[PDB]
Amino acid sequence: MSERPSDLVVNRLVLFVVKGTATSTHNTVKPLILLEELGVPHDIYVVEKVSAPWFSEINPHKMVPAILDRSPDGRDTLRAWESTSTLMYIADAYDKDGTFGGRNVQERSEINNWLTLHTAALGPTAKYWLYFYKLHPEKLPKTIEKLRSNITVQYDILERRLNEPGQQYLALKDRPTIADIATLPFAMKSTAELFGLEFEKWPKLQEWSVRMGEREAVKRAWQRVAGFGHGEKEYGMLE
Amino acid sequence: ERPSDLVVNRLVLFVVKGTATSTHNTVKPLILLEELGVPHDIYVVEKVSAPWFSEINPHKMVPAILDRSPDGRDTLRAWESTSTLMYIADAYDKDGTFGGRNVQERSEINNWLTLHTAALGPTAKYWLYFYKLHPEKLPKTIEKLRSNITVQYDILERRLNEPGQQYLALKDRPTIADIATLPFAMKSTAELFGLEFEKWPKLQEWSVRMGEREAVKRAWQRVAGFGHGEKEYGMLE
C-alpha cells in the first residue's frame with residue numbers, strides 16, 4: 001500500500017502535471033485547454049516523481065496528465081489518465097450542453113472518429129519517433145525514417161479533411177471539439193519543425209493550427225503549462 | 001461512386017475477407033453488436049484502397065460503420081475500431097451496460113479503453129508491421145516493441161490482481177474497454193508475439209472468461225467466415 005502527500009486533498013478537480021519543459025507539456029496542455037474553455041474550477045498538482053507509489057495508484061501508466069476529482073455526489077473520488085481520457089472525463093462531467101463533447105449522436109460520431117485517429121495514429125507515431133530519436137540508447141535511423149514518413153501520411157489525412165467545403169475544424173464545421181484539442185499539440189509549426197518537416201506543405205492544417213492557437217483558452221493553457229513548478233512552489237499543490 | 005449493393009437501411013459494418021491476420025480489429029464492433037443484439041448488415045470490402053471507401057474512412061482500414069442518424073433523415077460514419085465501439089455504445093447502449101451507467105463508471109471505462117487505443121493497440125500494430133510488412137528486417141526495433149507489449153501485459157495483470165477486479169474497467173461486468181483489449185491480450189496473440197501467456201495468470205484467466213461469452217464465441221465464428229460464403233465481396237445476405 002502507498003501513502004499520498006499531506007498536501008494532496010481533492011476539494012475540486014486536481015490536474016497532475018510535471019515541471020514545464022519543451023518535452024513535458026504537449027499532453028498535459030490538452031485537459032488544461034478544455035478546463036480553460038469551460039471555466040472548470042481546478043487545482044494544479046506538480047508531481048516530483050511519476051514513479052512514486054501514490055502516483056502509480058492514480059495512473060498505473062505512471063505519466064501526466066492525470067486527474068483526481070470528486071464524484072458528482074461529492075461522496076467519492078474518481079480518476080482520469082491518458083490525455084484523451086482526461087478530455088473525455090472533463091467533457092462528461094463539466095460540458096453539460098455538449099459544446100466540446102458533441103450535442104447529439106451525429107456530432108459525437110465525427111468527434112470520436114477524429115479524437116480516436118489522434119489517440120491511435122499521430123499520437124503514438126509521434127511518441128515512438130521522439131523515443132527512437134532522443135531516448136533509445138542506440139540510433140535506429142531506418143525506424144526513425146519510417147515513423148517520420150508515417151507522420152506526413154497523418155498530416156495528409158488532416159489536410160484532406162480541412163480542404164473539405166466549410167470544414168473549419170477536424171470533427172465539426174462550426175466549432176472546435178475535444179478532437180481539435182487532442183490533435184493541436186502534434187499538428188502545429190513548432191512540433192512539425194521538431195520532426196524535421198516543413199509545416200507550410202500542409203497549408204489548411206497550418207491555418208487551422210493558427211485559428212486554434214488564437215483562442216484565449218489555448219493561449220492561457222500554453223502560458224500556464226510552461227510555468228508549472230517554476231513559480232513560488234516547485235512540487236505539490238500550487239496556490 | 002459507391003457500389004450498387006451499398007444500402008444503409010440499418011448499421012452496416014465494413015470488414016475484409018476473414019483470415020488469421022485480418023479479424024483482430026473488425027471482431028471488436030462485431031462482439032458489441034452481438035452482445036447488444038443490434039440489427040446490422042456486413043459489407044466485405046474487396047479493396048480498402050477504393051476511392052469510395054476512403055470517403056467513408058480516410059485512414060482506409062476496417063472496421064468502419066455507416067448507419068442512419070437517430071431520426072433516420074441522415075447517414076453518419078464511425079472508423080478506428082475504438083471509435084466504432086464508442087458509436088455503437090452511444091447509439092444502441094442507452095442503459096450503459098457496455099458504455100457506463102454514470103460518470104464514475106465511464107471514467108474507468110475511458111481510462112482502460114484509451115490505454116489500449118494509445119499503448120498496446122498501436123505498439124502491437126507497429127510490432128506486426130516491422131515483423132512481416134516492412135521491406136527490411138529491423139530486429140532491434142522489433143525487440144523494443146515486443147518489450148513494450150510485456151510492459152502493457154504487466155499493467156493489465158496488476159489491474160486484474162486488484163481485489164474483486166474481474167474485468168479491466170468495472171468489477172461487476174465487461175465493457176467496451178474489455179472488448180477493445182481482448183484480441184491483443186489472449187493466448188493465440190501472445191504466442192504470435194513469441195510470449196508465454198501463462199506469465200500473466202490473471203490476464204489469461206480474464207481472456208478465457210471473455211472467450212466463454214456467447215457474443216464473443218459468435219463474433220469469432222462469424223468474422224472468420226465473412227467472404228467465404230455464397231457471396232465473396234459486397235453486402236452479405
# chains A, B, ... in the order shown; residues from 1 in each chain; ligands from 1
$ select_by_dssp --residues "stretch 5-235 of chain B" --states "alpha helix (DSSP H)" --output "PyMOL selection string"
chain B and resi 27-36+51-54+81-92+103-115+121-128+139-160+176-181+187-193+201-211+214-225
$ interface_residues --of "chain B" --to "chain A" --cutoff "8 Å" --atoms "only C-alpha atoms" --output "PyMOL selection string"
chain B and resi 58-59+69-70+76-80+82-83+86-87+90-91+103-104+106-108+110-111+114-115+117-119+121-122+138+141+155
$ atom_distance --atom1 "atom CA of residue A:17" --atom2 "atom CA of residue A:225"
8.1 Å
$ select_by_dssp --residues "stretch 25-118 of chain B" --states "strand (DSSP E)" --output "NGL selection string"
:B and (40-44 or 64-68 or 75-79)
$ closest_residue --among "B:36, B:64, B:145, B:42" --to "residue B:95" --atoms "only C-alpha atoms"
B:36
$ residues_around --residues "residue A:29" --least-positions-apart "3" --cutoff "12 Å" --atoms "only C-alpha atoms" --output "ChimeraX atom specification"
/A:15-18,20-26,32-36,44,64-66,83-84,86-87,181-186,217-228
$ atom_distance --atom1 "atom CA of residue B:176" --atom2 "atom CA of residue B:156"
15.1 Å
$ residues_around --residues "residue A:42" --least-positions-apart "2" --cutoff "7 Å" --atoms "only C-alpha atoms" --output "number ranges by chain"
A: 12-14, 40, 44
$ write_last_selection --atoms "C-alpha atoms" --output "CSV table (one decimal), in the first residue's frame"
chain,number,residue,atom,x,y,z
A,12,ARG,CA,-12.3,20.1,-6.7
A,13,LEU,CA,-10.8,18.7,-10.0
A,14,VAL,CA,-7.0,18.2,-9.4
A,40,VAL,CA,-14.0,24.5,-14.7
A,44,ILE,CA,-2.7,22.0,-10.3
$ atom_distance --atom1 "atom CA of residue B:168" --atom2 "atom CA of residue B:185"
11.6 Å
$ residues_around --residues "residue B:46" --least-positions-apart "4" --cutoff "10 Å" --atoms "only C-alpha atoms" --output "PDB file with N, CA, C and O atoms, in the first residue's frame"
ATOM      1  N   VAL B  15     -15.949  -4.868 -43.276  1.00  0.00           N
ATOM      2  CA  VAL B  15     -14.909  -5.873 -42.920  1.00  0.00           C
ATOM      3  C   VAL B  15     -14.136  -6.215 -44.197  1.00  0.00           C
ATOM      4  O   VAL B  15     -14.471  -5.656 -45.262  1.00  0.00           O
ATOM      5  N   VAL B  16     -13.145  -7.101 -44.088  1.00  0.00           N
ATOM      6  CA  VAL B  16     -12.466  -7.736 -45.254  1.00  0.00           C
ATOM      7  C   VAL B  16     -12.638  -9.251 -45.121  1.00  0.00           C
ATOM      8  O   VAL B  16     -13.156  -9.697 -44.077  1.00  0.00           O
ATOM      9  N   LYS B  17     -12.249 -10.008 -46.150  1.00  0.00           N
ATOM     10  CA  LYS B  17     -12.317 -11.491 -46.141  1.00  0.00           C
ATOM     11  C   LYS B  17     -11.617 -12.000 -44.875  1.00  0.00           C
ATOM     12  O   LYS B  17     -10.505 -11.516 -44.585  1.00  0.00           O
ATOM     13  N   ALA B  50      -9.947   1.499 -52.567  1.00  0.00           N
ATOM     14  CA  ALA B  50     -11.031   2.025 -53.433  1.00  0.00           C
ATOM     15  C   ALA B  50     -11.409   3.439 -52.996  1.00  0.00           C
ATOM     16  O   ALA B  50     -11.683   3.667 -51.818  1.00  0.00           O
ATOM     17  N   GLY B 227     -16.840 -13.541 -46.373  1.00  0.00           N
ATOM     18  CA  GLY B 227     -16.214 -13.581 -47.709  1.00  0.00           C
ATOM     19  C   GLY B 227     -15.910 -14.996 -48.180  1.00  0.00           C
ATOM     20  O   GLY B 227     -15.345 -15.130 -49.286  1.00  0.00           O
ATOM     21  N   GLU B 232     -18.671 -13.481 -52.034  1.00  0.00           N
ATOM     22  CA  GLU B 232     -17.239 -13.273 -51.672  1.00  0.00           C
ATOM     23  C   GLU B 232     -17.019 -11.828 -51.209  1.00  0.00           C
ATOM     24  O   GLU B 232     -16.413 -11.637 -50.137  1.00  0.00           O
ATOM     25  N   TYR B 233     -17.470 -10.851 -52.000  1.00  0.00           N
ATOM     26  CA  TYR B 233     -17.308  -9.398 -51.725  1.00  0.00           C
ATOM     27  C   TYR B 233     -18.672  -8.706 -51.799  1.00  0.00           C
ATOM     28  O   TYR B 233     -19.569  -9.213 -52.496  1.00  0.00           O
ATOM     29  N   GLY B 234     -18.811  -7.582 -51.093  1.00  0.00           N
ATOM     30  CA  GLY B 234     -20.024  -6.744 -51.098  1.00  0.00           C
ATOM     31  C   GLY B 234     -20.914  -7.019 -49.898  1.00  0.00           C
ATOM     32  O   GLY B 234     -20.414  -7.562 -48.893  1.00  0.00           O
TER      33      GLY B 234
END
$ closest_residue --among "B:89, B:223, B:160, B:149" --to "residue B:22" --atoms "only C-alpha atoms"
B:223
